[PDB]
Amino acid sequence: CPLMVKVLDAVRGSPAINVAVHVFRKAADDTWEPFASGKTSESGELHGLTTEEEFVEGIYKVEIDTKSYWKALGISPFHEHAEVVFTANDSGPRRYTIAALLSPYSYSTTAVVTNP
Amino acid sequence: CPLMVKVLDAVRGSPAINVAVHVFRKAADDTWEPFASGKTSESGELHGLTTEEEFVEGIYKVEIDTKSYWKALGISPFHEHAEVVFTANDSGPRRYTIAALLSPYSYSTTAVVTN
Amino acid sequence: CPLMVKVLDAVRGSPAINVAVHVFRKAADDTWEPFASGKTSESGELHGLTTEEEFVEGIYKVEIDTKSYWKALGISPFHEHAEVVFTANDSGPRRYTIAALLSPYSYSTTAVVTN
Amino acid sequence: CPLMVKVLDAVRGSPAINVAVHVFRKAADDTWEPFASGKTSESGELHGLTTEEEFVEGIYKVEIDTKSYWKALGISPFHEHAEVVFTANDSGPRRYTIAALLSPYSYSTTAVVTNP
Ligand SMILES: O=S(=O)(c1ccc(O)cc1)c1ccc(O)cc1
Ligand SMILES: O=S(=O)(c1ccc(O)cc1)c1ccc(O)cc1
Ligand code: NA
Ligand code: NA
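Residues numbered from 1 in each chain as written, not as in the entry; some residues may be left out. Chains lettered and ligands numbered in written order. Heavy atoms only, no water.

As documented in the archive entry, the model was determined using X-ray crystallography at 1.62 Å resolution.

Here it is, written out as structure tokens:
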């Protein structure tokens, strides 16, 4: 599990449950190719998106579908989604945790990068 | 004025209006002494808290009454207030902007220090 | 101007100066079309991006070139850039301020929408 | 473990290690009485501050010694510390996670509150 996503809800003070996440990887023709997807669990975490073999060097985009999350709770938010774009594994394999904190008109995102 | 406070509301995407703000200065006996206070304007800003003459080096605390703000909007908050504690240091001319972004169970605060 | 961008630096406690910002509008064929761009000023702000005539309802993306900013300061960043994607909706007069607070491995963004 | 503290470093993209944390509780005379203290581990987490029996109703202050953290890394930060003040257990026992994200001139704090 070299890529994990955590999401928290700043209005409720709780994990953000059932948040859809789509990961893309930039292809040779400079388009975003679908790479992996999933949803956050009751703990707000999304595990098992990829494997060490599959998660090669590249530029990755982690799209967090924040609008669908808020609308399912009856709230009209500002952003369409949160996009996190980064180069991965350029100095060898690393483990990446993408963390996000959500409010209807604001969000924060952090990266925790560790070396196995 | 060398000290200004700005407060934003992350739930409504708006300035945080009519928020009470209290500034304290640390006295020699280690207690917090009232220094200045006010309420944020329609733009979420509080100007005119102090003057360069009065804002000497020392430790200051800015207390933002976030609980009352959320209660007035019918929203149940977590924190009693937001506290920002910092040292004022002289080191050339200095303007201090204390910014805060409020959510019911979260807040962020930033210091913008400019010449 | 109905759209403004503000960028702050959380490491130095200062405006983020000379940061490139690109705005795109979603076209009918689902691609991102260049719409406006500029560089943040000494106050970290980018004004005059568009006009009320041109800023019609639709989906917009604001791209902040954070990687170049940190590299110019000798700091190694994580993100390629910061992207802010939102729908502009009419619903009375509307000013949009897109604010961003930058750290090397983190960023926050807020929308302040005022009448 | 009804009270836990997590701290992340936004400059390094890593847990904030060896951050001192002091917890206080408002006493009957309206002073802050020392309640518990500890330091974050290599994971950035501080466990074992208190017990269900000890952690009664009250107003609590969690002081995170951010200045000492940055100065130990050779950085001159803005804030003296981060203070998180809240009423706890007013509707019965809850579990509280205080999370913080640190930059030299900025910090964010969130609360995750769950019911056992
Ligand atoms: O979800 S968090 O608590 C988190 C904790 C440890 C990690 O390695 C990653 C995320 C969190 C994330 C961001 C934030 O601003 C506050 C808490
Ligand atoms: O740039 S800010 O100070 C700002 C203040 C008032 C506004 O109406 C708009 C922007 C700012 C930016 C980010 C943040 O988290 C807090 C304050
Ligand atoms: Na290489
Ligand atoms: Na009660």
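Next comes the rest of the write-up.
J.: Now, about the UniProt feature "binding site: L-thyroxine" in chain A: what can you tell me, with residues and values included?
T.: UniProt records the feature "binding site: L-thyroxine" at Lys6, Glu45 and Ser108 of chain A, using the numbering of this structure. Within the secondary structure, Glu45 of chain A is located in strand β5 (residues 45–46). Given a relative accessible area of 23%, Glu45 of chain A falls into the partly exposed group. If near-sequence neighbours (up to four positions away) are discounted, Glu45 of chain A is found in contact with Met4, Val5, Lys6, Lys39 and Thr40 of chain A. At 3.4 Å, the side chain of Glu45 of chain A forms a polar contact with the side chain of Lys6 of chain A. Assessed through its relative accessible area of 16%, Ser108 of chain A is described here as buried. Once residues lying within four places of it in the same chain are set aside, the contact partners of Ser108 of chain A are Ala99, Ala100 and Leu101 of chain A, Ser106, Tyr107 and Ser108 of chain C together with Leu101 of chain D. (UniProt positions renumbered as here; feature names shortened; annotations may be inferred. Helix = DSSP H or I, 4+ residues; strand = E, 2+ residues; numbered from the N terminus. Buried < 20%, exposed > 50% of the residue type's maximum accessible area, 1.4 Å probe, protein only. Contact = heavy atoms within 4.5 Å. Polar contact = N/O pair within 3.5 Å; in protein donor to acceptor, adjacent residues only side chain to side chain.)

J.: Go over the site of ligand 2 with me, naming the residues and quoting the values.
T.: Close to ligand 2 lie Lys6, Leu8, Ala99 and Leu101 of chain B together with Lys6, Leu8, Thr97, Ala99 and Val112 of chain C. Of the chains in the model, those with residues near ligand 2 are chains B and C. For ligand 2, whose unbound accessible area comes to 400 Å², protein coverage reaches 90%. For the shell around ligand 2, the secondary-structure elements that each account for two or more residues are β1 (3–9) and β8 (95–103) of chain B together with β1 (3–9) and β8 (95–103) of chain C. (Near = heavy atom within 4 Å. Areas by Shrake-Rupley, 256 points an atom, 1.4 Å probe, with all protein chains shown as cover.)

J.: Go over the pairing of strand β7 (residues 79–88) of chain C with me, naming the residues and quoting the values.
T.: Taken across its ten residues, β7 of chain C has nine buried, putting it largely inside the fold. Pairing geometry for strand β7 (residues 79–88) of chain A and β7 of chain C, over seven bridges, is antiparallel. Residue pairing across strands places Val85 of chain A opposite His81 of chain C, the latter belonging to β7 of chain C. Pairing analysis gives seven bridges linking strand β6 (residues 58–64) of chain C to β7 of chain C, with the strands arranged antiparallel. Pairing of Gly58 of chain C across the sheet is with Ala88 of chain C, part of β7 of chain C. (Pairing = 2+ DSSP bridges.)

J.: An account of the interface of chain A and chain D is needed here, citing residue identities and associated values.
T.: Across the contact, ten residues belong to chain A and ten residues belong to chain D. Interface area lost by chain A to chain D is led by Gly13, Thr110 and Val112 of chain A, which between them contribute 47%. On the surface where chain A and chain D come into contact, there are zero salt bridges. In this assembly, chain A and chain D are joined by two residue pairs in polar contact. When residues of the side of chain A that touches chain D are traced back to their parent elements, those giving at least two are β2 (14–15) and β9 (106–114) of chain A. Here the side of chain A that touches chain D gets five residues from one element, more than from any other, and that element is β9 of chain A. Of the residues contributing to the side of chain A that touches chain D, the split by class is six nonpolar, four polar and no charged. (Buried area = accessible area lost by both parts, 1.4 Å probe. Salt bridge = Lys/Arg side-chain N within 4 Å of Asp/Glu carboxyl O. Nonpolar A, V, L, I, M, F, W, Y, C, P; charged D, E, K, R; others polar.)

J.: Give a description of the UniProt feature "binding site: L-thyroxine" in chain B that names residues and reports values.
T.: If you check UniProt for "binding site: L-thyroxine", the listed places come out as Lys6, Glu45 and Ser108 of chain B in our numbering. Following the sequence through the fold, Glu45 of chain B ends up in strand β5 (residues 45–46). Setting aside residues no more than four positions away along its own chain, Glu45 of chain B makes contact with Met4, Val5, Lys6, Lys39 and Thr40 of chain B. With respect to the helices and strands, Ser108 of chain B occurs in strand β9 (residues 106–114). Beyond its immediate stretch of four places on either side in the chain, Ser108 of chain B contacts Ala99, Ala100 and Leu101 of chain B together with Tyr107 and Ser108 of chain D.

J.: Run through the sheet that holds β6 of chain C, naming residues and quoting values.
T.: On the basis of which strands lie adjacent, the open sheet formed by eight strands has the order β4(A)-β3(A)-β6(A)-β7(A)-β7(C)-β6(C)-β3(C)-β4(C) and antiparallel pairing. At either margin of the open sheet sits one strand with a lone partner, and together these are β4 (32–39) of chain A together with β4 (32–39) of chain C. Each adjacent strand pair in this sheet contributes to an overall mean axis angle of 20°, direction not counted. Bridging between strand β6 (residues 58–64) of chain A and β7 of chain A involves seven bridges; their strand directions are antiparallel. Paired with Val62 of chain A across the strands is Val84 of chain A, a residue of β7 of chain A. (Axes fitted to C-alpha atoms, helices over the stretch in contact; angles between N-to-C directions.)

J.: Account for the relation of the copies chain A and chain D, naming residues and giving values.
T.: Applying a rotation about an axis and a shift along it to one chain copy brings it onto the other copy. Once chain A has been moved 0.0 Å along the axis and rotated by 180°, it coincides with chain D to within an RMSD of 0.0 Å. Both copies of the chain, as the preceding transformation shows, are related through a two-fold rotation axis. For chain A, the smallest separation between a C-alpha atom and the rotation axis is recorded for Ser108 of chain A, amounting to 4.6 Å. Here 100% of the contact residues of chain A are again contact residues in chain D; the copies associate through an equivalent surface. (Least-squares fit on C-alpha atoms.)

J.: A description of the sheet that holds strand β7 (residues 79–88) of chain D should follow, citing residues and the corresponding values.
T.: Pairing is antiparallel in the open sheet, where eight strands are placed in the order β4(B)-β3(B)-β6(B)-β7(B)-β7(D)-β6(D)-β3(D)-β4(D). Edge positions in the open sheet fall to β4 (32–39) of chain B together with β4 (32–39) of chain D, since each of these has one partner strand only. Sheet twist, expressed as the mean angle between neighbouring strand axes with direction ignored, is 20°. As paired strands, strand β3 (residues 20–26) of chain B and strand β6 (residues 58–64) of chain B are joined by five bridges and run antiparallel to one another. Bridged to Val21 of chain B within β6 of chain B is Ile64 of chain B.

J.: Could you give an account of the pairing of β1 of chain C, with specific residues and numbers?
T.: Residue and element names in this part refer to chain C. When you tally the buried positions in β1, you get five out of seven residues, the bulk of the element. Both β1 and β8 contribute to a ladder of seven bridges, which runs parallel. Looking across to β8, one finds that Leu8 is bridged to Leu101. As paired elements, β1 and strand β5 (residues 45–46) share two bridges and run antiparallel to each other. From the neighbouring strand, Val5 faces β5, where its bridge partner is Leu46. Summarising the sheet, β1 and strand β2 (residues 14–15) pair through two bridges and their orientation is antiparallel. Residue pairing for β2: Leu8 is matched across the bridge by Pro15.

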